[PDB]
Amino acid sequence: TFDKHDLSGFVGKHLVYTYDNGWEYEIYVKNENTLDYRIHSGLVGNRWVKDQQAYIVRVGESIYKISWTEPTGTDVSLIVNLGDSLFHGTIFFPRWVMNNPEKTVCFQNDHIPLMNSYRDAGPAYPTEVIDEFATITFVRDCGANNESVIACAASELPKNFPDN
Amino acid sequence: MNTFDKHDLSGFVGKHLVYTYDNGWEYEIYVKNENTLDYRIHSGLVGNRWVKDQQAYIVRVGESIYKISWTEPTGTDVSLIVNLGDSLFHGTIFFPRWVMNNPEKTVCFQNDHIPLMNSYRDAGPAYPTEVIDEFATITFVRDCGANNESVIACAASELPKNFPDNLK
């Protein structure tokens, strides 16, 4: 009843959400195969990333899936159910990230060699699976390829974010 | 509140599915209970591999749509979507590099060989990770109840040639 590869209902979406473990995240679906994201709190609070290549598909009339692999070794797969305002994430963290998560807290784009070095040193295993629903607290449409959406770490945002 | 209980898995526990990814690889899963699956691979990169009692994270993300994710003794990560209402299936598999290089090393009844899988995982190379992200066509679905040890109990190569027509 719908086209699986029509992502026009999802590209441009800018979401802020809080996982049931209390961690607050933000994503911006920048185009059909790219996102920016910004972490506000939790294990890796203040980490942020631009231009992450991702696999984005439509799995229901208003439900989308977005998955990717990171320079740290982390794998991620998210479900965004816009029709029901439901969000679910699975994050597969390498063991070294669980052991010292602050190592990943940076603007990653300026530190890809560092992340790769940490990844390759490990320990990679055992993988830690974080699997949680989240509450979507903000959603807007910011179009494709909008570099103004995520342009600083969360700590540099106005205190009333996203009320602005 | 949500119009369904996202924590209620009763519509998915017990499900037995056979499906073929868009690249022709045929797989089979059995949702054994709220945090466990058995699975059986028929063809593709790792055809004939099968696994019982894989711990998994199983959730409901829509009225008739479920998600199942897990990590393996080989280092592989998996996350699947089963949309029963629309008969839609989507899988993402994150394979370690060593699995791409020598997939046959994983082709076994894994439960007989878990330490070996861990040894291969640890030897690596783990990276770069290979992502397989594909829709599949569901070709068979039935309900088998929870904790049914007869659903997946041999390698695919040992199934009758008319499988799953021999079942229901």
# chains A, B, ... in the order shown; residues from 1 in each chain; ligands from 1
call {"tool": "interface_residues", "arguments": {"of": "chain B", "to": "chain A", "cutoff": "8 Å", "atoms": "only C-alpha atoms", "output": "VMD selection string"}}
result
chain B and resid 2 to 3 57 61 to 62 69 to 71 75 77 79 81 83 86 88 to 90 92 94 122 127 129 131 133
call {"tool": "select_by_dssp", "arguments": {"residues": "stretch 40-84 of chain B", "states": "strand (DSSP E)", "output": "PyMOL selection string"}}
result
chain B and resi 40-41+50-55+57-62+65-71+77-83
call {"tool": "write_last_selection", "arguments": {"atoms": "N, CA and C atoms", "output": "mmCIF file, in the first residue's frame"}}
result
data_model
loop_
_atom_site.group_PDB
_atom_site.id
_atom_site.type_symbol
_atom_site.label_atom_id
_atom_site.label_comp_id
_atom_site.auth_asym_id
_atom_site.auth_seq_id
_atom_site.Cartn_x
_atom_site.Cartn_y
_atom_site.Cartn_z
ATOM 1 N N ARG B 40 17.803 -20.333 11.148
ATOM 2 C CA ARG B 40 18.314 -21.342 10.228
ATOM 3 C C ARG B 40 18.508 -20.688 8.882
ATOM 4 N N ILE B 41 19.732 -20.754 8.365
ATOM 5 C CA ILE B 41 20.057 -20.089 7.120
ATOM 6 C C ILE B 41 20.096 -21.131 6.012
ATOM 7 N N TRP B 50 23.200 -22.561 11.290
ATOM 8 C CA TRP B 50 21.995 -22.460 12.105
ATOM 9 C C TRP B 50 22.350 -22.357 13.569
ATOM 10 N N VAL B 51 21.405 -21.836 14.337
ATOM 11 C CA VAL B 51 21.645 -21.406 15.711
ATOM 12 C C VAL B 51 20.402 -21.632 16.542
ATOM 13 N N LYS B 52 20.588 -22.157 17.748
ATOM 14 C CA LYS B 52 19.484 -22.240 18.696
ATOM 15 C C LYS B 52 19.786 -21.392 19.918
ATOM 16 N N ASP B 53 18.731 -20.865 20.518
ATOM 17 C CA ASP B 53 18.804 -20.190 21.802
ATOM 18 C C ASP B 53 19.653 -18.928 21.778
ATOM 19 N N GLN B 54 19.547 -18.174 20.690
ATOM 20 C CA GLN B 54 20.177 -16.867 20.603
ATOM 21 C C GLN B 54 19.390 -15.872 21.449
ATOM 22 N N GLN B 55 20.048 -15.256 22.415
ATOM 23 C CA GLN B 55 19.414 -14.202 23.199
ATOM 24 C C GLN B 55 19.198 -12.993 22.304
ATOM 25 N N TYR B 57 16.758 -9.097 21.678
ATOM 26 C CA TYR B 57 15.990 -7.968 22.165
ATOM 27 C C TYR B 57 14.834 -7.806 21.217
ATOM 28 N N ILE B 58 13.635 -8.064 21.717
ATOM 29 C CA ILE B 58 12.435 -8.170 20.908
ATOM 30 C C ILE B 58 11.442 -7.118 21.376
ATOM 31 N N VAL B 59 10.970 -6.280 20.462
ATOM 32 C CA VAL B 59 10.078 -5.188 20.802
ATOM 33 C C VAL B 59 9.013 -5.036 19.731
ATOM 34 N N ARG B 60 7.945 -4.358 20.106
ATOM 35 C CA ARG B 60 6.852 -4.041 19.219
ATOM 36 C C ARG B 60 6.904 -2.552 18.858
ATOM 37 N N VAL B 61 7.010 -2.254 17.572
ATOM 38 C CA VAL B 61 7.176 -0.877 17.124
ATOM 39 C C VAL B 61 5.986 -0.343 16.326
ATOM 40 N N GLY B 62 4.970 -1.173 16.130
ATOM 41 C CA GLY B 62 3.740 -0.789 15.472
ATOM 42 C C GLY B 62 2.694 -1.819 15.847
ATOM 43 N N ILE B 65 3.914 -4.747 13.895
ATOM 44 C CA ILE B 65 5.295 -4.655 13.437
ATOM 45 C C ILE B 65 6.210 -4.838 14.636
ATOM 46 N N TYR B 66 7.175 -5.735 14.466
ATOM 47 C CA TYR B 66 8.077 -6.122 15.525
ATOM 48 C C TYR B 66 9.510 -5.979 15.067
ATOM 49 N N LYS B 67 10.386 -5.771 16.035
ATOM 50 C CA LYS B 67 11.808 -5.629 15.796
ATOM 51 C C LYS B 67 12.534 -6.625 16.673
ATOM 52 N N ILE B 68 13.556 -7.259 16.113
ATOM 53 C CA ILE B 68 14.354 -8.230 16.843
ATOM 54 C C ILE B 68 15.819 -7.997 16.522
ATOM 55 N N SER B 69 16.621 -7.845 17.565
ATOM 56 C CA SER B 69 18.036 -7.518 17.410
ATOM 57 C C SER B 69 18.881 -8.355 18.337
ATOM 58 N N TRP B 70 20.120 -8.632 17.930
ATOM 59 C CA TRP B 70 21.009 -9.415 18.752
ATOM 60 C C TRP B 70 22.444 -9.246 18.289
ATOM 61 N N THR B 71 23.352 -9.699 19.144
ATOM 62 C CA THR B 71 24.765 -9.784 18.810
ATOM 63 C C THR B 71 25.243 -11.215 18.989
ATOM 64 N N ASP B 77 26.405 -8.288 14.403
ATOM 65 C CA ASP B 77 25.210 -7.653 14.970
ATOM 66 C C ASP B 77 24.081 -7.762 13.944
ATOM 67 N N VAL B 78 22.849 -7.956 14.419
ATOM 68 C CA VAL B 78 21.693 -8.110 13.546
ATOM 69 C C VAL B 78 20.526 -7.304 14.075
ATOM 70 N N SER B 79 19.793 -6.654 13.174
ATOM 71 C CA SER B 79 18.518 -6.050 13.565
ATOM 72 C C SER B 79 17.509 -6.233 12.436
ATOM 73 N N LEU B 80 16.392 -6.873 12.758
ATOM 74 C CA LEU B 80 15.346 -7.220 11.814
ATOM 75 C C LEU B 80 14.047 -6.518 12.159
ATOM 76 N N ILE B 81 13.289 -6.201 11.123
ATOM 77 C CA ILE B 81 11.917 -5.741 11.212
ATOM 78 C C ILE B 81 11.005 -6.728 10.530
ATOM 79 N N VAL B 82 9.979 -7.144 11.256
ATOM 80 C CA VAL B 82 8.947 -8.036 10.747
ATOM 81 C C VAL B 82 7.611 -7.302 10.841
ATOM 82 N N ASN B 83 7.133 -6.843 9.695
ATOM 83 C CA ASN B 83 5.867 -6.132 9.591
ATOM 84 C C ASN B 83 4.829 -7.144 9.111
#
call {"tool": "closest_residue", "arguments": {"among": "B:10, B:43, B:137, B:76", "to": "residue B:27", "atoms": "only C-alpha atoms"}}
result
B:43
call {"tool": "closest_residue", "arguments": {"among": "A:100, A:62, A:155, A:8", "to": "residue A:31", "atoms": "only C-alpha atoms"}}
result
A:8
call {"tool": "atom_distance", "arguments": {"atom1": "atom CA of residue B:84", "atom2": "atom CA of residue B:6"}}
result
15.0 Å
call {"tool": "residues_around", "arguments": {"residues": "stretch 140-157 of chain B", "least_positions_apart": "5", "cutoff": "6 Å", "atoms": "only C-alpha atoms", "output": "list in words"}}
result
residues 14, 15, 16, 17, 18, 32, 33, 42 and 48 of chain B
call {"tool": "select_by_dssp", "arguments": {"residues": "stretch 1-163 of chain A", "states": "helix (DSSP H, G or I)", "output": "list in words"}}
result
residues 95, 96, 97, 98, 99, 101, 102, 103, 104, 108, 109, 110, 112, 113, 114, 115, 116, 117, 118, 119, 120, 121, 154, 155 and 156 of chain A
call {"tool": "write_last_selection", "arguments": {"atoms": "N, CA and C atoms", "output": "mmCIF file, in the first residue's frame"}}
result
data_model
loop_
_atom_site.group_PDB
_atom_site.id
_atom_site.type_symbol
_atom_site.label_atom_id
_atom_site.label_comp_id
_atom_site.auth_asym_id
_atom_site.auth_seq_id
_atom_site.Cartn_x
_atom_site.Cartn_y
_atom_site.Cartn_z
ATOM 1 N N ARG A 95 33.215 -2.885 23.530
ATOM 2 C CA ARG A 95 33.514 -2.940 24.938
ATOM 3 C C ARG A 95 34.342 -1.737 25.382
ATOM 4 N N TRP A 96 35.287 -1.284 24.565
ATOM 5 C CA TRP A 96 36.137 -0.176 24.971
ATOM 6 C C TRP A 96 35.337 1.110 25.163
ATOM 7 N N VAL A 97 34.249 1.274 24.416
ATOM 8 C CA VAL A 97 33.391 2.435 24.594
ATOM 9 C C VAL A 97 32.685 2.357 25.934
ATOM 10 N N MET A 98 32.191 1.176 26.303
ATOM 11 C CA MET A 98 31.553 1.024 27.607
ATOM 12 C C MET A 98 32.562 1.287 28.705
ATOM 13 N N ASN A 99 33.809 0.883 28.502
ATOM 14 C CA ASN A 99 34.815 1.030 29.546
ATOM 15 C C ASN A 99 35.221 2.487 29.756
ATOM 16 N N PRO A 101 33.676 5.741 27.957
ATOM 17 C CA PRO A 101 32.861 6.362 26.917
ATOM 18 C C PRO A 101 33.288 7.778 26.575
ATOM 19 N N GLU A 102 33.932 8.467 27.515
ATOM 20 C CA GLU A 102 34.391 9.818 27.290
ATOM 21 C C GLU A 102 35.362 9.899 26.119
ATOM 22 N N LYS A 103 36.033 8.796 25.805
ATOM 23 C CA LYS A 103 36.921 8.765 24.641
ATOM 24 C C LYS A 103 36.205 9.116 23.340
ATOM 25 N N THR A 104 34.898 8.883 23.290
ATOM 26 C CA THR A 104 34.136 9.141 22.086
ATOM 27 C C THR A 104 33.478 10.510 22.069
ATOM 28 N N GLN A 108 33.071 14.365 16.205
ATOM 29 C CA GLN A 108 33.802 13.232 15.665
ATOM 30 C C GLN A 108 34.480 13.556 14.347
ATOM 31 N N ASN A 109 33.888 14.465 13.574
ATOM 32 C CA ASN A 109 34.408 14.750 12.247
ATOM 33 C C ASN A 109 35.843 15.251 12.275
ATOM 34 N N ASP A 110 36.250 15.862 13.384
ATOM 35 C CA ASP A 110 37.615 16.340 13.555
ATOM 36 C C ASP A 110 38.563 15.299 14.157
ATOM 37 N N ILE A 112 38.379 11.533 13.348
ATOM 38 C CA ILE A 112 38.181 10.199 12.796
ATOM 39 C C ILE A 112 39.419 9.306 12.981
ATOM 40 N N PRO A 113 40.638 9.825 12.730
ATOM 41 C CA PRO A 113 41.809 8.993 13.010
ATOM 42 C C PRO A 113 41.882 8.535 14.458
ATOM 43 N N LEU A 114 41.562 9.421 15.396
ATOM 44 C CA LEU A 114 41.555 9.045 16.804
ATOM 45 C C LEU A 114 40.526 7.942 17.063
ATOM 46 N N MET A 115 39.318 8.106 16.550
ATOM 47 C CA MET A 115 38.292 7.085 16.786
ATOM 48 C C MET A 115 38.728 5.733 16.209
ATOM 49 N N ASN A 116 39.306 5.759 15.009
ATOM 50 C CA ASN A 116 39.786 4.520 14.402
ATOM 51 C C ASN A 116 40.904 3.884 15.226
ATOM 52 N N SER A 117 41.770 4.717 15.794
ATOM 53 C CA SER A 117 42.863 4.212 16.609
ATOM 54 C C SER A 117 42.315 3.542 17.884
ATOM 55 N N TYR A 118 41.339 4.181 18.515
ATOM 56 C CA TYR A 118 40.703 3.590 19.685
ATOM 57 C C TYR A 118 39.987 2.292 19.304
ATOM 58 N N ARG A 119 39.289 2.306 18.186
ATOM 59 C CA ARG A 119 38.574 1.124 17.698
ATOM 60 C C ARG A 119 39.529 -0.036 17.500
ATOM 61 N N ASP A 120 40.631 0.223 16.798
ATOM 62 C CA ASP A 120 41.557 -0.824 16.450
ATOM 63 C C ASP A 120 42.328 -1.338 17.651
ATOM 64 N N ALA A 121 42.516 -0.520 18.681
ATOM 65 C CA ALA A 121 43.159 -0.965 19.888
ATOM 66 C C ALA A 121 42.230 -1.838 20.710
ATOM 67 N N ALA A 154 25.934 20.006 21.860
ATOM 68 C CA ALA A 154 24.761 20.311 22.669
ATOM 69 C C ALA A 154 25.053 21.316 23.766
ATOM 70 N N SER A 155 26.261 21.270 24.322
ATOM 71 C CA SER A 155 26.637 22.198 25.387
ATOM 72 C C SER A 155 26.656 23.654 24.939
ATOM 73 N N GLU A 156 26.717 23.895 23.634
ATOM 74 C CA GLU A 156 26.743 25.247 23.084
ATOM 75 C C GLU A 156 25.361 25.748 22.674
#
call {"tool": "closest_residue", "arguments": {"among": "B:64, B:74, B:103, B:87", "to": "residue B:136", "atoms": "only C-alpha atoms"}}
result
B:87
call {"tool": "atom_distance", "arguments": {"atom1": "atom CA of residue A:136", "atom2": "atom CA of residue A:9"}}
result
16.5 Å
call {"tool": "closest_residue", "arguments": {"among": "B:101, B:73, B:13, B:7", "to": "residue B:114", "atoms": "only C-alpha atoms"}}
result
B:73
call {"tool": "residues_around", "arguments": {"residues": "residue A:40", "least_positions_apart": "5", "cutoff": "10 Å", "atoms": "only C-alpha atoms", "output": "list in words"}}
result
residues 16, 17, 18, 23, 24, 25, 26, 45, 46, 47, 48, 153, 154, 155 and 157 of chain A
call {"tool": "residues_around", "arguments": {"residues": "stretch 10-12 of chain A", "least_positions_apart": "6", "cutoff": "6 Å", "atoms": "only C-alpha atoms", "output": "list in words"}}
result
residues 29, 30, 31, 141, 142, 143 and 144 of chain A
call {"tool": "write_last_selection", "arguments": {"atoms": "C-alpha atoms", "output": "JSON list (two decimals), in the first residue's frame"}}
result
[["chain", "number", "residue", "atom", "x", "y", "z"],
["A", 29, "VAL", "CA", 17.81, 13.16, 8.39],
["A", 30, "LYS", "CA", 19.84, 15.19, 5.94],
["A", 31, "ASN", "CA", 19.25, 13.25, 2.73],
["A", 141, "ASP", "CA", 10.99, 19.48, 8.89],
["A", 142, "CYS", "CA", 14.25, 21.21, 8.01],
["A", 143, "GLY", "CA", 14.57, 20.08, 4.40],
["A", 144, "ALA", "CA", 17.52, 18.28, 2.82]]
call {"tool": "decode", "arguments": {"residues": "stretch 66-101 of chain B", "atoms": "N, CA and C atoms", "output": "PDB file, in the first residue's frame"}}
result
ATOM      1  N   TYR B  66       7.175  -5.735  14.466  1.00  0.00           N
ATOM      2  CA  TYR B  66       8.077  -6.122  15.525  1.00  0.00           C
ATOM      3  C   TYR B  66       9.510  -5.979  15.067  1.00  0.00           C
ATOM      4  N   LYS B  67      10.386  -5.771  16.035  1.00  0.00           N
ATOM      5  CA  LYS B  67      11.808  -5.629  15.796  1.00  0.00           C
ATOM      6  C   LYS B  67      12.534  -6.625  16.673  1.00  0.00           C
ATOM      7  N   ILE B  68      13.556  -7.259  16.113  1.00  0.00           N
ATOM      8  CA  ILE B  68      14.354  -8.230  16.843  1.00  0.00           C
ATOM      9  C   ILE B  68      15.819  -7.997  16.522  1.00  0.00           C
ATOM     10  N   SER B  69      16.621  -7.845  17.565  1.00  0.00           N
ATOM     11  CA  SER B  69      18.036  -7.518  17.410  1.00  0.00           C
ATOM     12  C   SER B  69      18.881  -8.355  18.337  1.00  0.00           C
ATOM     13  N   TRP B  70      20.120  -8.632  17.930  1.00  0.00           N
ATOM     14  CA  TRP B  70      21.009  -9.415  18.752  1.00  0.00           C
ATOM     15  C   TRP B  70      22.444  -9.246  18.289  1.00  0.00           C
ATOM     16  N   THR B  71      23.352  -9.699  19.144  1.00  0.00           N
ATOM     17  CA  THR B  71      24.765  -9.784  18.810  1.00  0.00           C
ATOM     18  C   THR B  71      25.243 -11.215  18.989  1.00  0.00           C
ATOM     19  N   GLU B  72      26.220 -11.625  18.195  1.00  0.00           N
ATOM     20  CA  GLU B  72      26.576 -13.030  18.063  1.00  0.00           C
ATOM     21  C   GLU B  72      27.976 -13.326  18.574  1.00  0.00           C
ATOM     22  N   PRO B  73      28.255 -14.612  18.844  1.00  0.00           N
ATOM     23  CA  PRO B  73      29.603 -14.995  19.303  1.00  0.00           C
ATOM     24  C   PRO B  73      30.706 -14.760  18.261  1.00  0.00           C
ATOM     25  N   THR B  74      30.328 -14.562  17.004  1.00  0.00           N
ATOM     26  CA  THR B  74      31.254 -14.263  15.911  1.00  0.00           C
ATOM     27  C   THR B  74      31.615 -12.783  15.823  1.00  0.00           C
ATOM     28  N   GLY B  75      30.885 -11.930  16.548  1.00  0.00           N
ATOM     29  CA  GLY B  75      31.024 -10.472  16.421  1.00  0.00           C
ATOM     30  C   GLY B  75      29.949  -9.800  15.580  1.00  0.00           C
ATOM     31  N   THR B  76      29.114 -10.578  14.892  1.00  0.00           N
ATOM     32  CA  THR B  76      28.059 -10.026  14.057  1.00  0.00           C
ATOM     33  C   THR B  76      26.951  -9.397  14.889  1.00  0.00           C
ATOM     34  N   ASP B  77      26.405  -8.288  14.403  1.00  0.00           N
ATOM     35  CA  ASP B  77      25.210  -7.653  14.970  1.00  0.00           C
ATOM     36  C   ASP B  77      24.081  -7.762  13.944  1.00  0.00           C
ATOM     37  N   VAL B  78      22.849  -7.956  14.419  1.00  0.00           N
ATOM     38  CA  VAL B  78      21.693  -8.110  13.546  1.00  0.00           C
ATOM     39  C   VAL B  78      20.526  -7.304  14.075  1.00  0.00           C
ATOM     40  N   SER B  79      19.793  -6.654  13.174  1.00  0.00           N
ATOM     41  CA  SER B  79      18.518  -6.050  13.565  1.00  0.00           C
ATOM     42  C   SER B  79      17.509  -6.233  12.436  1.00  0.00           C
ATOM     43  N   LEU B  80      16.392  -6.873  12.758  1.00  0.00           N
ATOM     44  CA  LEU B  80      15.346  -7.220  11.814  1.00  0.00           C
ATOM     45  C   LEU B  80      14.047  -6.518  12.159  1.00  0.00           C
ATOM     46  N   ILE B  81      13.289  -6.201  11.123  1.00  0.00           N
ATOM     47  CA  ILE B  81      11.917  -5.741  11.212  1.00  0.00           C
ATOM     48  C   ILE B  81      11.005  -6.728  10.530  1.00  0.00           C
ATOM     49  N   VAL B  82       9.979  -7.144  11.256  1.00  0.00           N
ATOM     50  CA  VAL B  82       8.947  -8.036  10.747  1.00  0.00           C
ATOM     51  C   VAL B  82       7.611  -7.302  10.841  1.00  0.00           C
ATOM     52  N   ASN B  83       7.133  -6.843   9.695  1.00  0.00           N
ATOM     53  CA  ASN B  83       5.867  -6.132   9.591  1.00  0.00           C
ATOM     54  C   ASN B  83       4.829  -7.144   9.111  1.00  0.00           C
ATOM     55  N   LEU B  84       4.137  -7.757  10.054  1.00  0.00           N
ATOM     56  CA  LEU B  84       3.213  -8.820   9.726  1.00  0.00           C
ATOM     57  C   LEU B  84       2.002  -8.264   8.988  1.00  0.00           C
ATOM     58  N   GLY B  85       1.549  -7.066   9.344  1.00  0.00           N
ATOM     59  CA  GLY B  85       0.340  -6.500   8.754  1.00  0.00           C
ATOM     60  C   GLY B  85       0.482  -6.233   7.267  1.00  0.00           C
ATOM     61  N   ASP B  86       1.669  -5.793   6.860  1.00  0.00           N
ATOM     62  CA  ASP B  86       1.945  -5.486   5.466  1.00  0.00           C
ATOM     63  C   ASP B  86       2.756  -6.571   4.759  1.00  0.00           C
ATOM     64  N   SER B  87       3.044  -7.668   5.457  1.00  0.00           N
ATOM     65  CA  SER B  87       3.896  -8.731   4.914  1.00  0.00           C
ATOM     66  C   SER B  87       5.199  -8.142   4.368  1.00  0.00           C
ATOM     67  N   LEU B  88       5.868  -7.369   5.207  1.00  0.00           N
ATOM     68  CA  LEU B  88       7.116  -6.714   4.837  1.00  0.00           C
ATOM     69  C   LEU B  88       8.176  -7.150   5.846  1.00  0.00           C
ATOM     70  N   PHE B  89       9.376  -7.393   5.349  1.00  0.00           N
ATOM     71  CA  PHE B  89      10.492  -7.815   6.170  1.00  0.00           C
ATOM     72  C   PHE B  89      11.700  -6.985   5.763  1.00  0.00           C
ATOM     73  N   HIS B  90      12.463  -6.507   6.735  1.00  0.00           N
ATOM     74  CA  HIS B  90      13.710  -5.817   6.432  1.00  0.00           C
ATOM     75  C   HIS B  90      14.774  -6.238   7.416  1.00  0.00           C
ATOM     76  N   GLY B  91      15.966  -6.577   6.932  1.00  0.00           N
ATOM     77  CA  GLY B  91      17.060  -6.947   7.798  1.00  0.00           C
ATOM     78  C   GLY B  91      18.291  -6.099   7.562  1.00  0.00           C
ATOM     79  N   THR B  92      19.002  -5.848   8.652  1.00  0.00           N
ATOM     80  CA  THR B  92      20.322  -5.260   8.630  1.00  0.00           C
ATOM     81  C   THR B  92      21.257  -6.186   9.378  1.00  0.00           C
ATOM     82  N   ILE B  93      22.343  -6.561   8.714  1.00  0.00           N
ATOM     83  CA  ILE B  93      23.352  -7.432   9.282  1.00  0.00           C
ATOM     84  C   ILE B  93      24.689  -6.710   9.198  1.00  0.00           C
ATOM     85  N   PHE B  94      25.386  -6.648  10.325  1.00  0.00           N
ATOM     86  CA  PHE B  94      26.673  -5.987  10.420  1.00  0.00           C
ATOM     87  C   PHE B  94      27.728  -7.079  10.603  1.00  0.00           C
ATOM     88  N   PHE B  95      28.359  -7.504   9.511  1.00  0.00           N
ATOM     89  CA  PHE B  95      29.318  -8.590   9.562  1.00  0.00           C
ATOM     90  C   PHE B  95      30.726  -8.077   9.840  1.00  0.00           C
ATOM     91  N   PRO B  96      31.475  -8.756  10.716  1.00  0.00           N
ATOM     92  CA  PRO B  96      32.903  -8.493  10.825  1.00  0.00           C
ATOM     93  C   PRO B  96      33.615  -8.837   9.532  1.00  0.00           C
ATOM     94  N   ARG B  97      34.749  -8.182   9.320  1.00  0.00           N
ATOM     95  CA  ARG B  97      35.506  -8.393   8.111  1.00  0.00           C
ATOM     96  C   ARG B  97      35.936  -9.847   7.930  1.00  0.00           C
ATOM     97  N   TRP B  98      36.307 -10.513   9.023  1.00  0.00           N
ATOM     98  CA  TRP B  98      36.790 -11.890   8.911  1.00  0.00           C
ATOM     99  C   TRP B  98      35.682 -12.815   8.422  1.00  0.00           C
ATOM    100  N   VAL B  99      34.419 -12.520   8.757  1.00  0.00           N
ATOM    101  CA  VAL B  99      33.297 -13.308   8.253  1.00  0.00           C
ATOM    102  C   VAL B  99      33.134 -13.117   6.758  1.00  0.00           C
ATOM    103  N   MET B 100      33.298 -11.889   6.273  1.00  0.00           N
ATOM    104  CA  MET B 100      33.258 -11.664   4.834  1.00  0.00           C
ATOM    105  C   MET B 100      34.375 -12.397   4.119  1.00  0.00           C
ATOM    106  N   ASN B 101      35.535 -12.467   4.755  1.00  0.00           N
ATOM    107  CA  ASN B 101      36.682 -13.109   4.136  1.00  0.00           C
ATOM    108  C   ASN B 101      36.586 -14.632   4.123  1.00  0.00           C
TER     109      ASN B 101
END
